[PDB]
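Protein chains in written order, with the authors' numbering: chain C, 29 to 148; chain B, 20 to 192; chain A, 7 to 30, 49 to 417, 726 to 825, 831 to 972, 1175 to 1769.
Data first, discussion second: the structure below is written as structure tokens.
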Amino acid sequence: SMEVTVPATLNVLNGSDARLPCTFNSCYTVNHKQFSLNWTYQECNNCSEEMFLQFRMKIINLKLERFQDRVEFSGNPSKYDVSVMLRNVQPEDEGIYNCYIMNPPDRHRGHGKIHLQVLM
Amino acid sequence: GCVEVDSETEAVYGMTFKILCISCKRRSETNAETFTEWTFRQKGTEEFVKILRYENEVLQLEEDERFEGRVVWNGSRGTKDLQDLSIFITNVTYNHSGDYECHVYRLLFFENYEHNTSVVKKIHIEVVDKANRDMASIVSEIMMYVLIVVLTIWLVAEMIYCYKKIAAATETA
Amino acid sequence: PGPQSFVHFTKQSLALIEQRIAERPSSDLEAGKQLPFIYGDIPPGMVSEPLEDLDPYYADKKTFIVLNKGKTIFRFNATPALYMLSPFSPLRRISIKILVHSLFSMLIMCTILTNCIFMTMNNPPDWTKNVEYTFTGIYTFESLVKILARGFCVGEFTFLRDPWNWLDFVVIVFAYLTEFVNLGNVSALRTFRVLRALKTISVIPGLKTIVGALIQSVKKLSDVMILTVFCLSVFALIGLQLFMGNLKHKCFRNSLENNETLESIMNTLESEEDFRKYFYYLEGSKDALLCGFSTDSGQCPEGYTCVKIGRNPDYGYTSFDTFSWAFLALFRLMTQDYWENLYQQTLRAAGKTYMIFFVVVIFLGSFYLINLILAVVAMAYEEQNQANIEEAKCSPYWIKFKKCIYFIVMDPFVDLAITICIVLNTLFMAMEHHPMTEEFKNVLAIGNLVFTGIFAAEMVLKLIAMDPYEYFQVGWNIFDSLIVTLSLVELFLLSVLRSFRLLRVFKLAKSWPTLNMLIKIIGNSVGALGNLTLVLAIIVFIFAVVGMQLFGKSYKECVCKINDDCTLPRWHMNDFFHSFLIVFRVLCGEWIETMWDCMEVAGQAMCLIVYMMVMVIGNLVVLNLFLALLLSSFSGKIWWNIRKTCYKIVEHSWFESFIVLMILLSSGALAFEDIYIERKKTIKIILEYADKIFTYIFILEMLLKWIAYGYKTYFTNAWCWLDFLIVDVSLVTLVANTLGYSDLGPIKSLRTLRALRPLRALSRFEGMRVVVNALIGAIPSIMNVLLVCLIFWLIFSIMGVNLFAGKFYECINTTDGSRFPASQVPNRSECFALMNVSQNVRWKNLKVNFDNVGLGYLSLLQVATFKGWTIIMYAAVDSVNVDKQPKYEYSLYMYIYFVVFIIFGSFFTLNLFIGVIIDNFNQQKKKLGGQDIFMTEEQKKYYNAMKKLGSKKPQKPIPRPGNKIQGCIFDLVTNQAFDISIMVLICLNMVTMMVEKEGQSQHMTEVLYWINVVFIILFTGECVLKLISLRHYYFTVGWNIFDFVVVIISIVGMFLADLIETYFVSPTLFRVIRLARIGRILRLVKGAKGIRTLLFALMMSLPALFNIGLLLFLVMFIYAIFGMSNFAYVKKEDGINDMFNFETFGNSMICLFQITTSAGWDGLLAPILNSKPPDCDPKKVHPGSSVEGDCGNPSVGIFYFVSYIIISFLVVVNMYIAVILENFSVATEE
Ligand SMILES: CCCCCCCC/C=C/CCCCCCCC(=O)O[C@H](COC(=O)CCCCCCCCCCCCCCC)COP(=O)(O)OCCN
Ligand SMILES: *[C@@H]1O[C@H](CO)[C@@H](O[C@@H]2O[C@H](CO)[C@@H](O)[C@H](O)[C@H]2NC(C)=O)[C@H](O)[C@H]1NC(C)=O
Ligand SMILES: *[C@@H]1O[C@H](CO)[C@@H](O[C@@H]2O[C@H](CO)[C@@H](O)[C@H](O)[C@H]2NC(C)=O)[C@H](O)[C@H]1NC(C)=O
Ligand SMILES: CCCCCN1C(=O)[C@]2(COc3cc4c(cc32)OCO4)c2ccccc21
Ligand SMILES: *[C@@H]1O[C@H](CO)[C@@H](O)[C@H](O)[C@H]1NC(C)=O
Ligand SMILES: *[C@@H]1O[C@H](CO)[C@@H](O)[C@H](O)[C@H]1NC(C)=O
Ligand SMILES: *[C@@H]1O[C@H](CO)[C@@H](O)[C@H](O)[C@H]1NC(C)=O
Ligand SMILES: *[C@@H]1O[C@H](CO)[C@@H](O)[C@H](O)[C@H]1NC(C)=O
Ligand SMILES: *[C@@H]1O[C@H](CO)[C@@H](O)[C@H](O)[C@H]1NC(C)=O
């Protein structure tokens, strides 16, 4: 499997900013056309995945209604970094966040999974 | 490979003359597509007139009477990368005397690149009646003869000196 | 000493031993050595039992010894095992009894050998888990029994006091760590399981002493390694200051659209195709073409400017940008591995004028330091070996038939008949080539059959004459029986088997003494030094499997960084075979080309560590083996008045000097005759007439020599014969030119013999006369050993021809030059159809192959000089059949053929070469009164007056001045602490110069400027301090004079930087002035005595090296003129580029200095070999010249390059070495 470093559980206070930090590592040098990164959210383990941010030649923020405008990219991918930031976290943000990285020429696709829990 | 040799500057009347204009690429491996034009002015006249234009494979010359029927191509044959633009005059007249200019219009070919170069070779030739020997040749010849004669005289001087000395040494014995 | 004398270990005896301790080593009885014959045989009741210590030196202490059946000694401590089990205990008794056993030793040996067989899987199957478990269990069990026998950490002879058990402990600890909770680095931990392959170094007898001897040799190599680091660092600072960022030049575009700028492009483009769309990228290379500002270095094509931007070539690892990369590039030049590519790259980047830098670097660093390492390893091994040696010392019808067979076996004639038959069969098997008619094939077949029948008949006759028993008692006869079996098996019932009869030629060894010497070398490889070659094999295996375990994961994973098809390259580490091939190629001097790929895929730190360990360790052992093998092998009458006068004239020194000057002028007048001689017609004319002047002068000199010496004294002199021959050729040329009707064939082909006019300088210059006398004296042994090498390489080349005869043909696609995929177009028949269909395909050979035995000799010369061998190995391992398209690594195991060839041919025959040549030089040195053979008489006087400087006498220090503060200054200066402080300050200046790099900050440059300022200030301050101390006697020490010089040069370097900043602008000259500060560093050799001794050895060997360099320069001049004559106008294919062709004298002497180290001679020869189109064009135009055709003579090209290789080998690898060895011995002895 691809070497992707994320916290399995991330506990954040309601109202604070939550950086979702993941590390992707693969040989070679990243290519802009070549490097693609996808982030998805789920309300629960079995719940449908909702893509909320992509990298395809540039960051594409899908502006999902469930996040308002609180999602930001927070990583320099050339550094193997693809972290995201969720500002002013709300209780409904609790759930599973998935990072998928496919990097040419690497055939393999990395996957990081973070369980975000919102304190009180 | 190529050598950028200057043309001869002394044509003789009634005989042939090959005017060298050699403009070869800065890198021999590149592949260009060259054609050339020749301009000329008679001696004592102030302008420039195109006489012939060489192209992909054929030589087209202007309709000036000075060069009609007595000019033929001498550069690279069938290459299309000319790299040598040498005009050959047959039966030089007293009008092929002045400034020739050899315009070389090279169009190099690169990866995503088509360069348009233009090197202008200017050749000044003067027609005369008799082939005059070079001052370099004549002075070097007389210098060779002078050095040979000086070496002969030095050798025979040392020879006769050592001979008188050997005779004087033998006389005492 | 008596059989009854020794007593079994009893508690009563031990009670006495403890009393002696309460009251308070014999090498013959050392643990592990054989018990001496004095004690006789052991009774069966006492073997494998604890006995009382026979050595009284140890008998006082609590020890005991147990004897093996083979009379070996094992020492243990008498304490209880970890305070638990005494020797009298039953468990420890059986533990020791099983420990001391050849059965147990060979059990461990076979177990770790099977472990070494299993480590090479590189992808082991599922079931190897229980095999590794069994191996770990056996290891833990043997460690357990030796623990039970010795004790872990308690006692004098406990399990840990000897170091070879630390490895057995570490290996089981690591194995159990792996089996238990283990870290994340699974591969970097499995790498640690290779020490199971080091276990044999301690298990096998003798290997433990061989490795100790290697560690002893390293202790002597220490000082030469210090000097190697110092010289590489000094030359790396020089190369840094010269070519900082020069390797970064790239010919960039000119017509940029969309306002796109150089930086606006460089920030946005990273792919190689996007790069190629802007930079030049000369048609198939990975890096862009290096460019140049300077006029000589050149040249980028019209429409492209030179600008330093982008990455360096060779992925970024070939550069002088930082000091680390400068050090790596200078190690690459010192080991002369692929140094020709660095040569060409930095010359194209900076200029052809830095050939001076490369000449200095090669001819000092590479040659001098490698010969210093050789001399020091030789002295160390020789002194160790000398110390070792000195401290050591029908039936009646059957009988009638047997009588008649012995009577007709005709010993004085049948041995000679069979030898002649052997030589005829060899010269008959060497008459085989690829294109062979069926009649020729049938002739060869029936000849092989006739010869094998002759040999079978001879073997059966010899057997029945001497029979099976006394017959096979002989080695040559059992060998010939084996060969005749291997030949008879194929009478009617594979060619690798077929190529085995060639070994019969070694039956000449009983008659041929130098072939006997070669047999002796090959046999000492597996005899007296069999343990050393086994250490070499074990080390090569360990490094191969370590490289595999460390990098075969990345290579497979990340192939695309080092290859474009994303398939494995030719040299990888994903298999054990290819990993071993890489380790072998790094044993040969070819490390960098694979280090680049392995770096790219698996990290510079790890690859540098692994490859430097391979280089250093593996080369040290190989060098030791080479030295060992080589060393072991050694042990009126007016006419008379006229004659007198003209003789005085000839002998006159004025006339001699004038003729020397005319010889130099007539030699230099050949350098101007190049392709640019159609220009400079005035110089052309003055040369065309100086030719006649010189011919006349030399004819007059010849006539004077005649009339002065007489025909007897003249023609009894080889020098005068050489002069007569050259003048006669010149006279023939002059007569032909002046008479006309001679511009054809022979005359035009002997005009180029004017390149031999320099040969007239040998007779005049004593520095070349002495070297030529030495070489001519050595030439008989050269001939003998060249004959032996010819016959050995003839064996190998007949094998090569049988294997690869005509299998190198491929369907290259001429545009890119890529083999067709062999799925389409599988053979020549379909290749011709594809050639009818398309235009750019061509069924082409290799131009250097095994098509016949001559081309086989050439291919073997390349494979054995290591310069050009990869292009042959690739096509060999790709070969399939005679008329089939080669498949990618379809054979893959003719790599074994080339490895065997290298090991035998290159290694052993070059060893014979160096050995016999240095031996002949020693014979000559003995014959010439014991004085050196490479120095003239004035040079010998200089050399003695210089060796006087090796005096150890302490001179009078100084008379201290009477003035009080002056004497205080004198003491503070003479302080040794002050001296060492200055030394540390020089080291700090050294690191101040090292910290520089390309692309540094302006702030960093200013800080380094002011640090240099303060360093120069301190140095000049201490200098004027020492002056105020010792005004008169400061300059009486050469080292103090050198200090004054270098501080003057530093201050004037600062002042000249100032004056340039004011009034001039020249980066190159500014840099070369700034090179002055290397003097401030070169003051380190003042205190480093181990460096100061080798530098004195170099100063000693300077005159002989000057004479050898003069001879090499004259040979280089003759060959450069021959080059400018023949090899100009040849196609610019590979290695013969725009720069470094044979066009002019500069380029020709540059290519020739390149070849002087044998580098790239295959590439330089490759474009000359081609003729007979479509490989060339026999009628080209060459604008500016009248000569047509752009292909060279294959025969004259092969002769030129092979003869220059052999000559610059004789002169530079066997006379430089001899001078260095003799002068280093002279230096180190006194
Ligand atoms: C610009 C020059 C271009 C290079 C052209 C190639 C010429 C080759 C040059 C080779 C340099 C070799 C000079 C080494 C001389 C050092 C000898 C020396 O100091 O010995 C001592 C002699 O004393 C002297 O002569 C002092 C004279 C000052 C020598 C200056 C030393 C500079 C060292 C240069 C380093 C050479 C290259 C090193 C790497 C670049 C005494 O010997 P010892 O210490 O008693 O040891 C005896 C042991 N039994
Ligand atoms: C030999 O190789 C060249 C390129 O290395 C091939 O040329 C290509 O041919 C295809 C189709 O014929 C074109 O689409 C490409 O544009 C060509 N590339 C170039 C760089 O010219 C050539 O086809 C190969 N030879 C054969 C017989 O296939
Ligand atoms: C050489 O290769 C060709 C092409 O693979 C072989 O061609 C034979 O004849 C036709 C041509 O394609 C095919 O239908 C046959 O099947 C091919 N025979 C075989 C055995 O593959 C040809 O046989 C090969 N050998 C030669 C020419 O000696
Ligand atoms: C048939 C004999 C052919 C001669 C073989 N030959 C070499 O192998 C090298 C090439 O490779 C070397 C590496 C070295 C060396 C010499 C050489 O000495 C220091 O280290 C060389 C340099 C100059 C002329 C010959 C040769
Ligand atoms: C040149 O042409 C003239 C006639 O115009 C003729 O007389 C002469 O012979 C010609 N010379 C040559 C060399 O053809
Ligand atoms: C050359 O010039 C003269 C006068 O300038 C003219 O009479 C003559 O016709 C010219 N030559 C030719 C071939 O026309
Ligand atoms: C130039 O043209 C003449 C014909 O007028 C021909 O004889 C000659 O060979 C040509 N020169 C070259 C170099 O082709
Ligand atoms: C540029 O190239 C065109 C043809 O592509 C040509 O007509 C023109 O003369 C060239 N101009 C220069 C200055 O080279
Ligand atoms: C090509 O094939 C034709 C038959 O169609 C044959 O006559 C010709 O010789 C062939 N030429 C080559 C170069 O293969």
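Beta carbons are placed, not taken as given, at the ideal position from N, Cα and C, and that holds for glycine.
{"query": "Find the residues of chain A that neighbour residue 55(C), judging by a C-beta separation of less than 8 Å, and give them in chain order.", "result": "891, 894, 895, 898 and 938"}
{"query": "Output needed for residue 945(A): all residues of its chain with C-beta closer than 8 Å, excluding positions within five of it in sequence on either side, in chain order.", "result": "932 and 936"}
{"query": "What three-state label does DSSP hand residue 1189(A) in the structure shown?", "result": "helix"}
{"query": "Quick check on residue 137(C): does DSSP put it in helix, strand or coil?", "result": "strand"}
{"query": "Please list the terminal residues of the continuous alpha helix (DSSP H) segment that includes residue 364(A).", "result": "363 to 374"}
{"query": "Examine chain A for any beta-carbon lying closer than 8 Å to the beta-carbon of residue 49(C), and answer yes or no.", "result": "no"}
{"query": "Which of helix, strand or coil does DSSP assign to residue 128(C)?", "result": "strand"}
{"query": "In this structure, what does DSSP give as the bridge partners for residue 78(C)?", "result": "69(C)"}
{"query": "Along the segment 114 to 145 of chain C, what residues have a CB closer than 9 Å to any CB found in chain A?", "result": "133 and 134"}
{"query": "Would residue 1300(A) pass as a contact of residue 1307(A) if the rule is Cβ separation under 8 Å?", "result": "yes"}
{"query": "Taking only three categories from DSSP, how would you classify residue 92(B)?", "result": "strand"}
{"query": "Which residues share a DSSP beta bridge with residue 122(B)?", "result": "56(B) and 139(B)"}
{"query": "So the candidates are 27(A), 369(A) and 1659(A); which of them puts its Cα closest to the Cα of residue 1674(A)?", "result": "369(A)"}
{"query": "Could you say which of 1665(A), 1638(A), 838(A) and 958(A) lies nearest to residue 877(A) if we only look at CA atoms?", "result": "958(A)"}
{"query": "Using beta carbons (cut-off 8 Å, strictly below), is residue 903(A) in contact with chain C?", "result": "yes"}
{"query": "Using a threshold of 7 Å, is the CB atom of residue 85(B) nearer than that to any non-hydrogen atom of ligand 6?", "result": "yes"}
{"query": "Just mark residue 122(B) as buried or exposed, buried being the case when its beta carbon has 16 or more other beta carbons within 10 Å.", "result": "buried"}
{"query": "With which residues is residue 957(A) paired in a DSSP beta bridge?", "result": "Answer is none; residue 957(A) lacks a bridge partner."}
{"query": "Where do the ends of the alpha helix (DSSP H) carrying residue 1545(A) lie?", "result": "1541 to 1569"}
{"query": "Check whether the Cβ of residue 1196(A) lies closer than 7 Å to any heavy atom of ligand 8, and answer yes or no.", "result": "no"}
{"query": "Determine the extent of the beta strand (DSSP E) in which residue 37(B) is found, giving its start and end residues.", "result": "36 to 38"}
{"query": "Between the alpha carbons of residue 134(A) and residue 216(A), how many angstroms are there, rounded?", "result": "20 Å"}
{"query": "Specify the secondary structure class of residue 734(A) as computed by DSSP and reduced to three states.", "result": "helix"}
{"query": "Do the CB positions of residue 395(A) and residue 1755(A) come within less than 8 Å of each other?", "result": "yes"}
{"query": "I need the straight-line Cα distance from residue 53(B) to residue 326(A), nearest angstrom please.", "result": "13 Å"}
{"query": "What are the residues that DSSP puts in a beta bridge with residue 229(A)?", "result": "Residue 229(A) pairs with nothing; no bridge assigned."}
{"query": "Please state whether the Cβ-Cβ distance between residue 384(A) and residue 245(A) is less than 8 Å.", "result": "no"}
{"query": "In or out: residue 1542(A) buried (at least 16 other Cβ within 10 Å) or exposed?", "result": "exposed"}
{"query": "What do you get for residue 1254(A), buried or exposed, if any count of 16 or more other CB atoms within 10 angstroms of its CB means buried?", "result": "exposed"}
{"query": "Output yes if chain A places a C-beta closer than 8 Å to the C-beta of residue 192(B); else output no.", "result": "no"}
{"query": "Does the structure place the segment 335 to 345 of chain A close enough to the segment 255 to 273 of chain A that three or more beta carbon pairs sit under 8 Å?", "result": "yes"}
{"query": "Does the CB of residue 1248(A) have a neighbour CB from chain B at under 8 Å?", "result": "no"}
{"query": "Any idea what DSSP makes of residue 925(A), helix, strand or coil?", "result": "coil"}
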